[PDB]
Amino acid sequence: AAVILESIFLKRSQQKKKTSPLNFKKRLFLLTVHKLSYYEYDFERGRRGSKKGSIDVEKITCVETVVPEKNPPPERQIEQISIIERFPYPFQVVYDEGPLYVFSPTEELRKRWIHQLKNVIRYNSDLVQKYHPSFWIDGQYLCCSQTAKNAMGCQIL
């Protein structure tokens, strides 16, 4: 399928460990009408490396912004170099295996990805009308305090 979008984002680890600290990984993200996939990027040759995972577009229920972290490290705090080193703008892709947290280098790039992702899931069956506006961190959602990753969203839209 045709490539709609191709960008380098920071990805928060999902099942690294149940209680261990959260890891953040630099990934090349690809969007087609069929899948949202991510790879280790091969910087030296200027091409995508090994595929590290995928999300079938049909399984996505929600795509929105996330309220940013209160104390972010320099890599996630607000040019050719800045675009591949700082990732301050998070968004969420909600599916069956909880939300995937993605960090964009710019506001414009996040907006573009949210816009296109909303169009590819337009005819999805499982789309929800509620979401969690804040991150799931240290066993709970910061917005509602619910302890289930698959918990129903606390806010409308």
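Numbering starts at 1 and follows the sequence shown.
The mean C-alpha temperature factor is higher for 120-128 when 120-128 and 35-43 are set side by side. As recorded in the PDB entry, 148-156 is the stretch of 148-156 and 3-11 with the greater mean C-alpha temperature factor.
The PDB entry assigns the greatest CA B-factor among 108, 56, 64, 96 to 96. The entry lists a Cα temperature factor for residue 26 that places it in the lowest third of the chain's modelled residues. For residue 84, the recorded CA temperature factor ranks within the lowest third of the chain's modelled residues.
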